[PDB]
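In the deposited numbering, the protein residues as written are 126 to 201. Yeah, the Cβ is synthetic: ideal placement off N, Cα and C, and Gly gets one too. See below for the structure under consideration.
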DNA sequence: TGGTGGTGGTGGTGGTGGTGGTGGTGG
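Encoded structure:
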């Protein structure tokens, strides 16, 4: 996301794509171990990223495309 | 401040309908 931000700020690129938001691990998770909580870090990271990108995208007139994946909820 | 992610198949029910006639013996 910081590559995306620093690229958009320059006004050079006209389209950016992120191949899946289901692959953007938080840092602490990468260096931790399997089975740890790592509760809601991804959500906080994504919210901050949007809050900080919406408007730099506008100024630079860039179009940013996300791809996602389907998961299912238990207990519904 | 900010949400995650689907498990595992179970047990059989009921019987139908009959077809065809051979061969005379003693004065």
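*Nearest candidate by alpha-carbon position, reference residue 173, set 145, 151, 137*: Taking only the C-alpha atoms, the option nearest residue 173 is 151.
*When the distance is taken between beta carbons, is residue 163 closer than 9 angstroms to residue 153?*
In this structure, residue 153 lies near residue 163, with their beta-carbon atoms less than 9 angstroms apart.
*Curious, which full-length alpha helix (DSSP H) runs of at least 4 residues does the region 137-183 contain?*
Within the region 137-183, the complete alpha helix (DSSP H) runs of at least 4 residues are 152-156, 166-178.
*Whose C-beta lies closer than 6 angstroms to the C-beta of residue 181 among residues of the same chain, with five residues either side of it excluded?*
In chain order, 133, 134 place their CB closer than 6 angstroms to the CB of residue 181, counting only its own chain and leaving out the 5 sequence neighbours on each side.
*Quick one: residues in its chain with C-beta nearer than 7 angstroms to the C-beta of residue 193, no 5 flanking neighbours on either side, listed in chain order?*
Within the same chain, residue 193 has close Cβ partners 145, 146, 147.
*If you draw a straight line from the C-alpha of residue 139 to the C-alpha of residue 149, how long is it?*
So the two alpha carbons sit approximately 22 angstroms from each other.
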